[PDB]
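Engineer: Supplied in structure tokens, the structure appears directly below.
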Amino acid sequence: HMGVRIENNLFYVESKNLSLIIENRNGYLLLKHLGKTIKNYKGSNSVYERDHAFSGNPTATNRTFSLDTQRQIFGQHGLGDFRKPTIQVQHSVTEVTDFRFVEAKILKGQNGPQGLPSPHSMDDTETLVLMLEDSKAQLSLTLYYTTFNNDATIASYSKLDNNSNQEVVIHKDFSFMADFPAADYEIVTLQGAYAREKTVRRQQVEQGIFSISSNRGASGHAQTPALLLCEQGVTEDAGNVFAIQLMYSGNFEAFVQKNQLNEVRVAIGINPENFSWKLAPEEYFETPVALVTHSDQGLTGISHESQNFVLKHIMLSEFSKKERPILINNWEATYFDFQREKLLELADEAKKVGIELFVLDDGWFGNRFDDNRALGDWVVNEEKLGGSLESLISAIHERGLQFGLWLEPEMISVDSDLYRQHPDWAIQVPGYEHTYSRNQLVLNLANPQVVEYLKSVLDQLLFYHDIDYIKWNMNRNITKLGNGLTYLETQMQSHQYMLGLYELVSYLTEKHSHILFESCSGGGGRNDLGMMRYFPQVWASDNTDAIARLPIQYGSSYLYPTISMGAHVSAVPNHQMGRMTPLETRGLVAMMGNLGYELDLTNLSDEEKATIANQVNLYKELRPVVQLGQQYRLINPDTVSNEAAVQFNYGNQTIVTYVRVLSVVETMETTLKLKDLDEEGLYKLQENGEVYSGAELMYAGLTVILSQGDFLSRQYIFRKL
Amino acid sequence: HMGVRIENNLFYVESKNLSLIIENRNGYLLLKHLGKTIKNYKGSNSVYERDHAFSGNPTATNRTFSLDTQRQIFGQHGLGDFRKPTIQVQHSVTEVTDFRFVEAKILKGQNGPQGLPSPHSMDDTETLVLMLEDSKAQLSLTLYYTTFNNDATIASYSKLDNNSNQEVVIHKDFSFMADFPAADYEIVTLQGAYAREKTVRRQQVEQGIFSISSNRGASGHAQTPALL
Amino acid sequence: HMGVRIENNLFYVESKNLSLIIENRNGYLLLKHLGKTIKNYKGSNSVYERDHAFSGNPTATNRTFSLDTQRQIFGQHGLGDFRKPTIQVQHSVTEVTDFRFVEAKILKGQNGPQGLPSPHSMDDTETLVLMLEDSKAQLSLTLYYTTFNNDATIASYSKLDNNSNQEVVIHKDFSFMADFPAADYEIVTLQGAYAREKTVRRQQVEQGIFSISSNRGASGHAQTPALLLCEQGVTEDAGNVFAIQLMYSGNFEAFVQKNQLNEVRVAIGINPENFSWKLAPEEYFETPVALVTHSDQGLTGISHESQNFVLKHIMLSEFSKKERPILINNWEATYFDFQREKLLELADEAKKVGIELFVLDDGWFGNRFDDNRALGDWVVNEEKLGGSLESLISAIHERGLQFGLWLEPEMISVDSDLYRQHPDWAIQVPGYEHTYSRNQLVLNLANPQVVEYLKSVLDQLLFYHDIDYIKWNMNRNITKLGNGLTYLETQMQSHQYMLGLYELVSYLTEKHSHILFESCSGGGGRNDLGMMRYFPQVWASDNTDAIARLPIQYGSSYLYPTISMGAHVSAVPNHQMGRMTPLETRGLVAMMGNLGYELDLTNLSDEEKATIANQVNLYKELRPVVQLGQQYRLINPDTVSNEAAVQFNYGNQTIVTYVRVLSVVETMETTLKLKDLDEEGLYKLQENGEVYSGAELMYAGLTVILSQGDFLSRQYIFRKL
Ligand SMILES: OC[C@H]1O[C@H](O[C@@H]2[C@@H](O)[C@@H](O)O[C@H](CO)[C@@H]2O)[C@H](O)[C@@H](O)[C@H]1O
Ligand SMILES: OC[C@H]1O[C@H](O[C@@H]2[C@@H](O)[C@@H](O)O[C@H](CO)[C@@H]2O)[C@H](O)[C@@H](O)[C@H]1O
Ligand SMILES: OC[C@H]1O[C@H](O[C@@H]2[C@@H](O)[C@@H](O)O[C@H](CO)[C@@H]2O)[C@H](O)[C@@H](O)[C@H]1O
Ligand SMILES: OC[C@H]1O[C@H](O[C@@H]2[C@@H](O)[C@H](O)O[C@H](CO)[C@@H]2O)[C@H](O)[C@@H](O)[C@H]1O
Ligand SMILES: OC[C@H]1O[C@H](O[C@@H]2[C@@H](O)[C@H](O)O[C@H](CO)[C@@H]2O)[C@H](O)[C@@H](O)[C@H]1O
């Protein structure tokens with residue numbers, strides 16, 4: 001049985017194959033167990049209470065009880081625990097609180113923080129409600145833990161109520177924390193950089209504090225809101241992993257602290273940097289949702305658990321199991337230099353090769369002839385489009401293609417009518433020059449007038465035009481915070497910006513629910529689970545190099561389903577890397593993702609056109625396997641590997657893609673073994689017609705043969721008989 | 001020769017076998033070299049200035065100058081550098097400052113922060129005084145770097161003056177910072193515990209942030225104020 | 001289905017969950033697969049045949065077939081393969097052979113090399129017989145591979161027949177070889193030293209050749225005839241392991257070679273060093289049996305597979321499931337300084353504490369008052385024993401104890417009547433002084449007169465005396481080889497020594513099958529599967545320190561069952577380490593093995609006596625769990641670990657022993673999780689009466705609490721309800 005149970009002083013939060021067991025000890029909440037299901041928990045792994053030097057106590061006479069040494073589910077500073085705190089509220093002359101458990105409730109079905117992205121499809125869930133109070137400060141903190149009956153994930157968030165007669169200020173308020181017992185641990189995170197997104201990083205947990213964080217106002221290219229605490233020696237196939245993740249797209253921190261006793265604290269939430277939150281009497285603050293996910297089946301186990309939870313409970317139901325259109329995007333194809341003739345000719349070529357959707361990228365609005373002006377001016381450039389957008393769309397529709405359109409609503413150019421009319425709408429500090437980034441500024445979405453304006457302009461665009469798809473961009477990070485009437489309002493504006501964004505995108509995605517919205521932030525600059533609540537695919541990276549895409553796709557699909565992961569076949573030499581790669585390899589690499597095209601089809605040879613038509617035909621066949629199937633990493637593209645290989649299973653279809661980076665000589669061929677087949681199953685390999693048992697493919701494997709050369713690839717396609 | 005030298009837009013802080021060479025670039029202070037003595041420094045290891053995506057700029061038209069990518073000796077938040085800041089002062093409705101170099105002085109002999117433990121036997125020392133101002137906020141930040149003639153050590157501290165007509169609040173103010181060029185590095189620290197003090201720890205520098213800290217009101221058994 | 005199958009040009013050798021699939025390619029035998037079961041093998045992992053530079057060919061015109069690049073099951077030198085060979089026979093002017101497959105047969109039921117220890121209980125086995133011939137040299141090589149229906153092990157050996165009209169000389173003849181595909185591999189071996197036996201070593205496979213070997217004439221303290229080739233990243237719980245082992249107790253080699261293409265060869269057999277073997281026309285040579293064992297369940301998987309195979313098919317049926325007596329041995333207790341009074345008084349004390357068997361150690365024979373004389377003179381010293389051995393034995397029997405006796409049959413002292421009568425019986429070289437070791441010499445057991453003499457003297461000792469147990473010692477290694485009438489006979493004498501030993505011990509153990517024979521060689525100097533065919537327990541180490549015993553027991557039980565592993569509680573300060581350890585810890589450590597006692601019980605306090613009586617009572621209870629149960633390593637004692645923990649399961653009994661080496665301070669308690677329990681099972685912990693689900697014990701685990709101090713231990717005893 002799954003759900004929530006209250007049994008004497010234990011609370012059991014029971015998801016599928018994952019339990020959190022909390023003990024109420026005289027108002028203090030102790031983490032007894034987080035991990036595989038245990039019923040009738042007795043306490044075999046309880047903390048041994050002893051006098052630990054310099055670890056102090058809530059009472060004078062009992063030296064062996066200390067919040068410095070108890071395992072907890074939230075952290076305070078000032079009561080004897082010196083580990084990093086996760087709740088810290090200023091009230092009167094102090095930022096000491098002492099929240100004590102008073103009452104527990106259980107909810108059933110949907111719930112979550114208002115104004116923030118949270119799980120859906122929650123009918124078969126229960127939520128533990130732990131009501132804590134600080135009687136002196138007259139504050140309440142309420143913790144929520146939600147079970148899921150179909151996934152090894154628990155969701156968490158909290159609400160802080162000010163029940164006092166004075167203003168209070170939240171300084172720290174994370175979404176999840178767990179104290180894990182001293183043991184050897186490794187951590188996996190996804191970091192990297194622009195054009196190197198979601199680089200998989202693994203390291204040993206060491207004494208001290210390790211953290212990843214964004215202070216950019218977006219989660220960022222260089223860190224993902226995820227931290228995987230792993231059993232020493234974890235592999236793809238074996239060992240315990242706990243993934244903590246955050247459904248938030250602004251400033252966040254994830255940290256792991258190893259203290260003086262070798263104990264380990266992990267937490268994730270809103271970054272303390274650039275954050276404070278004023279609460280007037282009777283006001284409350286709810287944190288974004290955190291997730292804790294578990295597998296005992298290594299890193300592939302955690303990928304599957306995380307992907308499944310995302311597909312079922314985050315990504316929009318309307319799209320989570322819907323094959324996504326193969327698109328053409330004109331950006332790398334033309335940049336800003338296009339007009340109607342060029343567009344329809346590209347559309348003609350796209351239709352001939354069987355592409356499904358035509359996306360008009362940057363440059364269609366205002367006087368956007370380059371990237372130095374016009375953001376904020378969402379007026380159609382009818383001169384450039386050679387008539388109305390309506391007439392363009394009709395043209396695209398009549399050629400048999402869906403129509404998509406680029407927006408960047410959060411941004412404003414100094415050189416724009418919007419800025420001329422409302423210069424105060426930009427994020428800025430009185431008496432300081434702007435800081436520029438791609439020669440543009442960020443709109444203050446903490447300003448309700450800004451949100452109202454964007455809802456209006458965009459609702460107008462979407463209702464008056466037959467648009468099938470939106471690409472929602474965001475091309476710089478936030479500087480010069482000073483739009484508040486007070487310092488505290490400025491400290492709130494980064495989170496209020498996010499609330500404004502979510503109000504905006506939840507409104508539009510809900511009001512226009514037939515439209516496929518793809519998120520973007522110079523590629524993967526905001527590829528997190530907050531955005532994926534509303535945008536069921538993401539432009540994974542501006543780097544469209546087939547080879548540079550290998551580690552990027554590795555990371556981008558590590559916790560997120562492949563279906564989310566936009567990938568385009570682009571021109572050579574590649575625009576980012578300056579590299580020639582075979583068209584075959586560009587195709588096979590993009591086909592490990594959500595396939596599209598981004599090159600000038602009108603300038604290709606007849607042969608290159610035929611190749612792309614063949615690629616499109618192939619992917620129409622593989623699309624369900626890739627987008628709806630189960631992903632298995634076989635060879636990981638990292639810093640030292642010269643190879644990449646990824647398998648997908650879906651019913652009677654099994655495919656495997658193999659890529660080799662550098663040509664090798666006098667080196668024995670790799671043996672590549674498949675996973676998760678029926679030993680007794682019979683698998684017919686398309687290329688040679690041979691039938692192999694699943695046992696053979698899994699335990700003997702394929703001798704991988706290639707010619708001489710860099711960046712070569714091949715694909716194996718099997719049908720189970 | 002050891003001591004402090006000011007030469008066009010370079011400042012040389014020269015201790016025995018250790019130099020800090022700082023460049024004034026239009027009010028921004030750049031760390032050019034920290035390490036073994038170099039005279040007549042030309043800039044072989046200067047940062048190559050290019051357009052780095054999402055690294056923003058103090059002017060609209062120059063995309064290749066960014067405090068996100070320049071090596072510095074103190075860190076601010078809000079001007080395009082997103083690395084962890086080491087000075088952050090709230091004033092009026094903001095905690096954005098933009099301290100710009102205005103003037104350099106050189107002291108000889110003893111000096112240090114009042115009320116805090118500082119080096120003694122300083123007769124053969126010189127101190128570089130880098131006076132920075134935020135004209136809008138009406139704040140001064142003054143950086144001090146002191147040479148020693150008999151040791152490969154440089155000492156540092158700073159003073160922040162409120163020259164405005166309103167209260168201001170310091171939120172962050174570290175004593176030393178250096179941006180080192182991308183390379184492979186390890187770190188050594190002394191941590192441990194009560195009855196296990198100053199345990200020597202060594203690890204690889206990894207992407208992200210590693211820290212040791214005390215919030216105990218004392219430096220503590222489990223971490224020493226040192227990082228190698 | 002298991003057994004052997006011949007299907008066109010494939011041969012399938014099918015044990016439980018392990019298959020060897022060999023292809024006959026025009027007389028050459030190719031290793032197609034060794035690993036998990038595959039039926040209907042097609043060849044997905046076949047070698048890709050290409051022209052590899054400097055890899056030559058059996059025909060002029062086909063450059064892509066080369067024995068330098070094909071994966072094989074035996075290795076020759078001179079036909080284009082430059083990997084280390086495993087068969088090399090001199091004939092006429094050459095040591096080039098070219099053995100070609102001619103015919104295959106299948107046997108059922110028992111078979112093995114004559115004169116060498118081989119598996120028993122073989123009714124449900126089949127043996128593939130691969131008959132190879134070199135027509136020019138007129139030699140036959142016949143390879144045997146045997147399946148087992150109840151274990152993931154295949155056994156192998158070969159026979160070489162000289163069918164020519166001239167003498168031939170074998171230079172190399174290993175017992176097993178496999179070419180494994182290029183991949184990342186680690187190897188585990190057991191090495192160490194005297195008083196540090198079976199130290200577990202793990203390392204990466206590197207280009208070049210790694211080997212362990214003995215040239216000592218015994219397998220030796222410092223290397224065990226075992227090599228585990230492991231999947232990169234193997235753990236206790238997960239990953240593929242292939243263990244190759246040799247049932248031989250003389251000179252051996254195991255090697256792993258990584259060649260120029262990254263391919264990996266492994267082999268084990270008689271060491272080429274100190275070996276040559278002359279065959280006259282019509283003579284044949286059979287190699288010792290090698291074993292290849294597989295698990296995909298990590299290192300605990302391989303331990304279980306290896307232990308099970310040993311228990312079922314090597315260790316004597318009469319003893320493999322028989323609880324072994326708790327003994328007292330007087331060696332550390334008295335050394336050579338004893339007589340009848342002392343012996344019976346020790347026997348009295350042993351009986352009071354419930355000990356079962358009394359073993360009389362060195363010094364009872366000839367004029368053996370120290371270790372400088374009398375080896376070879378197996379005459380009872382009736383003066384020292386205060387009457388006949390018969391009268392001593394009766395005395396011991398009447399006190400309720402079984403009687404055991406020390407022998408060292410393979411050795412002779414210069415100062416002995418045996419040496420005075422037959423100086424030529426010693427291993428020696430004409431015209432060279434002896435090399436001495438513990439001031440004794442080795443008997444030439446290659447001399448049939450020596451074997452006849454020992455059979456006679458010992459048969460006499462055993463038939464005329466009511467002995468329940470023998471401790472068979474061997475206290476030096478072999479030097480000064482030169483007893484041959486020719487150089488070639490000398491080159492044969494080390495292997496003939498072993499044949500002589502096995503003839504001797506198979507005879508006596510068979511003719512006196514009620515007697516428990518424990519093997520010994522200054523502790524673990526010859527603790528291998530050759531000896532374990534006849535001697536169902538072994539003195540694991542002269543090091544009886546509780547703490548030094550930790551890594552020793554780790555290694556000694558790594559591939560061999562716990563029941564084999566002699567372990568004695570001894571006096572403090574310990575005689576080897578100069579160390580004080582708690583009597584409790586000495587007890588608990590020895591109780592992880594086959595328990596006995598080796599200290600002067602007559603000199604203990606009343607309290608120390610009561611403690612030992614308590615230990616004996618406890619072990620009488622734990623003995624089936626330890627000796628007959630399943631072993632699970634929980635914390636391994638290695639160079640860096642400060643801890644050791646080992647679990648045993650047997651029906652409704654689960655025990656766990658924990659030892660900490662150095663005292664620690666301000667360090668959080670270890671969390672120790674149990675393995676292989678029923679999640680839903682209820683487990684009652686004896687010490688506190690608490691009942692824990694198996695899920696709790698396995699997934700939460702025990703907080704391990706100890707006082708301050710070095711070398712402390714504790715045991716947890718559970719009963720499943
Ligand atoms: O749910 C826990 C809190 O409930 C009460 O306040 C809530 C408030 O948080 C918000 O949900 O608005 C509703 C509307 O009725 C309630 O006022 C308590 O005041 C808090 O102390 C806390 O228990
Ligand atoms: O030294 C740099 C600063 O100097 C001036 O102020 C100092 C003040 O810091 C303190 O040292 O007290 C002395 C006493 O005269 C001076 O007032 C400037 O006001 C600062 O702006 C700054 O330049
Ligand atoms: O079993 C393979 C060999 O069989 C023949 O010789 C055997 C010999 O090895 C030994 O087993 O003694 C028996 C007794 O009859 C046989 O002679 C062949 O001579 C060998 O060539 C080889 O086939
Ligand atoms: O402007 C259209 C373009 O926007 C985003 O990419 C850009 C990139 O082309 C430019 O070189 O740099 C900025 C940041 O400096 C952005 O990363 C989209 O990601 C891209 O797909 C395209 O739509
Ligand atoms: O002599 C009896 C003794 O023989 C073996 O051990 C000895 C050891 O006591 C002595 O110190 O060294 C030699 C080698 O130099 C042997 O290792 C047995 O192993 C021991 O149990 C005892 O029976």
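Ligands are numbered from 1 in the order shown, chains are lettered A, B, ... in the order of the structure tokens, and residues start at 1 in each chain.
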Select, as an MDAnalysis selection string, those residues of chain A with any atom no more than 6 Å from chain B (distances computed using only C-alpha atoms).
Structural biologist: chainID A and resid 208:212 260 435:437 439 476 479:480 482 486:487
Engineer: Show me which residues line ligand 2, defined as having an atom within 9 Å of a ligand atom where only C-alpha atoms and all ligand atoms count, and present them as a VMD selection string.
Structural biologist: chain B and resid 129 to 133 138 to 143 159 to 163
Engineer: Would you export the selected residues with N, CA, C and O atoms as a PDB file, in the first residue's frame, please?
Structural biologist:
```pdb
ATOM      1  N   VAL B 129      47.879  51.377  -2.287  1.00  0.00           N
ATOM      2  CA  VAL B 129      46.564  51.833  -1.867  1.00  0.00           C
ATOM      3  C   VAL B 129      45.754  52.112  -3.130  1.00  0.00           C
ATOM      4  O   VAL B 129      46.082  53.034  -3.874  1.00  0.00           O
ATOM      5  N   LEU B 130      44.731  51.283  -3.400  1.00  0.00           N
ATOM      6  CA  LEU B 130      43.910  51.471  -4.594  1.00  0.00           C
ATOM      7  C   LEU B 130      42.562  52.058  -4.183  1.00  0.00           C
ATOM      8  O   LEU B 130      41.730  51.381  -3.563  1.00  0.00           O
ATOM      9  N   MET B 131      42.389  53.349  -4.498  1.00  0.00           N
ATOM     10  CA  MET B 131      41.181  54.054  -4.114  1.00  0.00           C
ATOM     11  C   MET B 131      40.151  53.941  -5.238  1.00  0.00           C
ATOM     12  O   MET B 131      40.387  54.421  -6.352  1.00  0.00           O
ATOM     13  N   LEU B 132      39.014  53.316  -4.903  1.00  0.00           N
ATOM     14  CA  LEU B 132      37.895  53.086  -5.807  1.00  0.00           C
ATOM     15  C   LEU B 132      36.698  53.891  -5.303  1.00  0.00           C
ATOM     16  O   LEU B 132      36.511  54.007  -4.097  1.00  0.00           O
ATOM     17  N   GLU B 133      35.849  54.371  -6.221  1.00  0.00           N
ATOM     18  CA  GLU B 133      34.647  55.105  -5.854  1.00  0.00           C
ATOM     19  C   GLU B 133      33.462  54.646  -6.685  1.00  0.00           C
ATOM     20  O   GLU B 133      33.616  54.277  -7.845  1.00  0.00           O
ATOM     21  N   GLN B 138      27.949  57.188  -3.726  1.00  0.00           N
ATOM     22  CA  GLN B 138      28.777  58.012  -2.851  1.00  0.00           C
ATOM     23  C   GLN B 138      29.444  57.124  -1.798  1.00  0.00           C
ATOM     24  O   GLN B 138      29.461  57.446  -0.602  1.00  0.00           O
ATOM     25  N   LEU B 139      30.034  56.026  -2.290  1.00  0.00           N
ATOM     26  CA  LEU B 139      30.808  55.103  -1.474  1.00  0.00           C
ATOM     27  C   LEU B 139      32.218  55.016  -2.038  1.00  0.00           C
ATOM     28  O   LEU B 139      32.421  55.173  -3.239  1.00  0.00           O
ATOM     29  N   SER B 140      33.175  54.792  -1.127  1.00  0.00           N
ATOM     30  CA  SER B 140      34.567  54.510  -1.446  1.00  0.00           C
ATOM     31  C   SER B 140      34.906  53.106  -0.961  1.00  0.00           C
ATOM     32  O   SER B 140      34.487  52.695   0.123  1.00  0.00           O
ATOM     33  N   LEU B 141      35.663  52.386  -1.790  1.00  0.00           N
ATOM     34  CA  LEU B 141      36.295  51.136  -1.377  1.00  0.00           C
ATOM     35  C   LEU B 141      37.784  51.300  -1.665  1.00  0.00           C
ATOM     36  O   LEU B 141      38.170  51.686  -2.772  1.00  0.00           O
ATOM     37  N   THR B 142      38.597  51.080  -0.631  1.00  0.00           N
ATOM     38  CA  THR B 142      40.037  51.238  -0.740  1.00  0.00           C
ATOM     39  C   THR B 142      40.687  49.888  -0.467  1.00  0.00           C
ATOM     40  O   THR B 142      40.442  49.299   0.590  1.00  0.00           O
ATOM     41  N   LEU B 143      41.468  49.404  -1.444  1.00  0.00           N
ATOM     42  CA  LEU B 143      42.137  48.120  -1.326  1.00  0.00           C
ATOM     43  C   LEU B 143      43.591  48.373  -0.968  1.00  0.00           C
ATOM     44  O   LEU B 143      44.212  49.280  -1.519  1.00  0.00           O
ATOM     45  N   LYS B 159      39.007  48.910   3.017  1.00  0.00           N
ATOM     46  CA  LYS B 159      38.183  49.795   3.817  1.00  0.00           C
ATOM     47  C   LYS B 159      37.072  50.329   2.929  1.00  0.00           C
ATOM     48  O   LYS B 159      37.333  50.738   1.793  1.00  0.00           O
ATOM     49  N   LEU B 160      35.847  50.293   3.463  1.00  0.00           N
ATOM     50  CA  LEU B 160      34.701  50.857   2.779  1.00  0.00           C
ATOM     51  C   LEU B 160      34.204  52.069   3.554  1.00  0.00           C
ATOM     52  O   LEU B 160      33.843  51.936   4.721  1.00  0.00           O
ATOM     53  N   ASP B 161      34.140  53.217   2.874  1.00  0.00           N
ATOM     54  CA  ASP B 161      33.666  54.453   3.470  1.00  0.00           C
ATOM     55  C   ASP B 161      32.282  54.780   2.923  1.00  0.00           C
ATOM     56  O   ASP B 161      32.064  54.720   1.710  1.00  0.00           O
ATOM     57  N   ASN B 162      31.374  55.160   3.831  1.00  0.00           N
ATOM     58  CA  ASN B 162      30.080  55.692   3.431  1.00  0.00           C
ATOM     59  C   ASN B 162      30.157  57.224   3.366  1.00  0.00           C
ATOM     60  O   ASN B 162      30.145  57.896   4.397  1.00  0.00           O
ATOM     61  N   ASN B 163      30.221  57.784   2.155  1.00  0.00           N
ATOM     62  CA  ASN B 163      30.307  59.232   2.004  1.00  0.00           C
ATOM     63  C   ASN B 163      28.959  59.793   1.570  1.00  0.00           C
ATOM     64  O   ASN B 163      28.901  60.929   1.105  1.00  0.00           O
TER      65      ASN B 163
END
```
Engineer: Show me, as a list in words, the residues that have an atom within 9 Å of residue 514 of chain A when counting only C-alpha atoms, minus same-chain residues fewer than 6 positions from it.
Structural biologist: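 The neighbour list is residues 318, 468 and 469 of chain A.
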Engineer: Would you pick out the contacts of residue 277 of chain A at 6 Å or less, using only C-alpha atoms, so that residues sharing its chain but fewer than 5 positions from it are not included, and give the list as a list in words?
Structural biologist: residues 169, 170 and 492 of chain A
Engineer: Give me, as number ranges by chain, all polymer residues having an atom no more than 10 Å from segment 89-106 of chain A, counting only C-alpha atoms and skipping those fewer than 5 positions away in the same chain.
Structural biologist: A: 3-6, 11, 24-29, 74, 76-79, 126-146, 160, 162, 164, 166-173, 276-278
Engineer: Around ligand 4, which protein and nucleic acid residues have at least one atom no more than 10 Å from it, if we count only C-alpha atoms and all ligand atoms? List them as number ranges by chain.
Structural biologist: A: 194-195, 329-332, 335-336, 360-363, 368, 370-371, 406-408, 437-440, 471-477, 519-525, 538-544, 575-576, 598; B: 51-56, 63
Engineer: For each of C:187, C:2, C:152, C:279, take the minimum atom-to-atom distance to ligand 3, counting only C-alpha atoms and all ligand atoms, then give the residue where this is smallest.
Structural biologist: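 Selected residue with least distance to ligand 3: C:279.
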Engineer: Need to verify the contact set: residue 357 of chain C, 8 Å, only C-alpha atoms, exclusion of same-chain residues closer than 3 positions in sequence. Can you return it as a VMD selection string?
Structural biologist: chain C and resid 325 to 328 401 to 404
Engineer: Just want the 9 Å neighbourhood of residue 113 of chain B, counted on only C-alpha atoms, with same-chain residues fewer than 4 positions away dropped. Output as a compact mmCIF listing (two decimals) with N, CA and C atoms, in the first residue's frame.
Structural biologist:
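Saved result, out39.txt, follows:
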```txt
# COMPACT_ATOMS: atom_id res chain seq x y z
N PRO B 117 43.69 41.94 14.27
CA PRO B 117 45.08 41.48 14.29
C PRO B 117 45.71 41.61 12.89
N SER B 118 46.92 42.19 12.84
CA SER B 118 47.55 42.41 11.56
C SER B 118 49.06 42.23 11.71
N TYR B 157 43.74 43.79 2.72
CA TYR B 157 42.51 44.13 3.42
C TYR B 157 41.91 45.33 2.70
N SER B 158 40.71 45.74 3.11
CA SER B 158 40.06 46.83 2.41
C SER B 158 39.32 47.68 3.43
N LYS B 159 39.01 48.91 3.02
CA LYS B 159 38.18 49.79 3.82
C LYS B 159 37.07 50.33 2.93
```
